[PDB]
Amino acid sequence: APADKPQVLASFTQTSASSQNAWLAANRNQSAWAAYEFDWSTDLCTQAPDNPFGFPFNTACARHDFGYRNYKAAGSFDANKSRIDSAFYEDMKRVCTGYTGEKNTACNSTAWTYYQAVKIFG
């Protein structure tokens, strides 16, 4: 792989919206990154806690699978896990931003439950 693979990988897995956005752009043009042989697979939020209200967390789960699967393959999962989990939480809270009033609170509560689950059983 290219010598700057670690820096690219780090750039796609920060907690900021610009990092999420850089990953989204790459995810939609996977072909441009073939030289890097990233694992782009995801099972979305499979095996996550219940989401009775249906908050749309699939894209957050996808970027979280990207950090886990690619850092595991790089042999540096333990050192980067807590960042990937936090970026997951930040991604979910950006979803919750689109709801206001009571619904915002319900969204944040579901996001915290998702965050806690990967922090403890991830």
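Residue numbers run from 1 along the displayed sequence.
For the pair 24-32 and 81-89, the record assigns the higher mean C-alpha temperature factor to 24-32. Split the chain's modelled residues into thirds by C-alpha temperature factor. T15 is in the middle one. Ranked against the other modelled residues of its chain, the C-alpha B-factor of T46 as given in the entry falls in the middle third.
The entry lists a Cα temperature factor for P56 that places it in the middle third of the chain's modelled residues. Split the chain's modelled residues into thirds by C-alpha temperature factor. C96 is in the lowest one.
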